[PDB]
Every structure is written in C-alpha cells, then in structure tokens.
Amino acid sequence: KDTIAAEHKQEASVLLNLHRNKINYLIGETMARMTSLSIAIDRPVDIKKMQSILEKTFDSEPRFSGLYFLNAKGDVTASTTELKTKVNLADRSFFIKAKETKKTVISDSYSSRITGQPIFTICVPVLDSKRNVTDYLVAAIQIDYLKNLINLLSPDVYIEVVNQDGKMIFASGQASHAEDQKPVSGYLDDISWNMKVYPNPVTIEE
C-alpha cells in the first residue's frame, strides 16, 4: 500500500510542476508583451492608436478579462471592455505600487471594478525620458480561466491555490478526493500564490 501511495505522491508532484508552469508562462508572457508595448509606443501616446493595439492584443486571448490604458491620474483612457461609466483605478494597490516603484506590478486577486469578476492584474508603468510615469498598461487576467484550464487537464484530482493571507484563489476538483491526504505544494514565480495538489488515495486495487 506504501508503494502505490508513493506513486500517487509522485504523480501529484508531476501535476504541481505542470500546472504551475502553465500559469507562470501565461503571467510571464503577459509581462513581456506589456513591457514591449510600453517600450515601442511612440510618445506622446495617441490614444486611438493605443486603443487599436489593446484590441489587437486582446483578440482571441481567453486568458484576459480585459486590457486597459490609464493616464497619470489613473483614469481608464483605453479599454477592451465597453465602459458604461468613467473608471479610475488610482486607489488600487497595484496602481499605488506601480506609481511608487515605477516597475511592473503583479497584483493579488480582487473583484474587477469593470466586469465584477475575480481577476488579478499585471501593470506596467509607461515612462518618459525623465523617468516620470506618464501612463500605465494594465492587463487583467481572468481567475476562472486559469481554474478551467487546470480542471480540464486534471478533473479527478483536488487542487487548491491560496494566497499568503490564506484567501482561496481557486480550487479545482472534488475536495473529497483529498480525504486523509497531505498535499504536495509550491509557489508560483511572479506572485506569492501557493498551489496545493492532493495525491489520489490508494484504491481497492491493490
């Protein structure tokens, strides 16, 4: 029984690596796209050009809740989501941190002010020649997209992702599959979310 259990633990550890890599790739690639956009856009930014870019970047990319451009004040000035009212994001932690650090920020999860759904965001400050922040690129990723990705590959195993405060980010599978099991866990690269993959129990065969 110890031998099958050990196979099951190794399998869980394989899934842990597989699924974290998928998420790390999505996050990393998005950081790289937003960074390249911030570098290549011609100053001063033409807002209709930026709107076109965001739409083209968004197109056929289910990972995104939306892509947005903000002015120095945090007003959303371009948006893949058709906005019904003016939106300002200056109060968001990621915005406060991006402004302060003048570096890319990857936020914890929260409920989108624009769509009402759970997202997390990658924010890249756009700088002028004097290193002053003039604008912000914001890529909002849909948490549910990540969850569904994992669940489709691994429907029969219980996987949890939680943040440092212990907030559930998402959970995939039936928690019952986890009974009497200790999980195999590990953090993501760009955000301190911890993924826990529970090994499946040893069945009657044996």
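Don't overthink the numbering: it's just position in the shown sequence, from 1.
Per the entry, where is the mean C-alpha temperature factor higher: 31-39 or 167-175?
-> Of 167-175 and 31-39, the stretch with the higher C-alpha B-factor average is 167-175.
Select between 176-184 and 154-162 the stretch whose C-alpha atoms have the higher average B-factor in the entry.
-> Taking the mean B-factor of the alpha carbons in each, 176-184 is higher.
Determine which member of 80, 107, 77, 85 has the highest CA B-factor, using the values in the deposited entry.
-> So the option with the highest C-alpha B-factor is 85.
Choose from 139, 149, 143, 70 the residue with the greatest Cα B-factor as stated in the PDB record.
-> Highest CA B-factor of the listed options: 149.
Among all modelled residues of this chain, ranked by Cα B factor, put residue 51 in the bottom, middle or top third, i.e. lowest, middle or highest.
-> Within its chain, residue 51 is a lowest-third residue by C-alpha B-factor, going by the deposited values.
Would you check the entry's CA temperature factor for residue 124 and let me know if it's in the chain's lowest, middle or highest third?
-> Within its chain, residue 124 is a middle-third residue by C-alpha B-factor, going by the deposited values.
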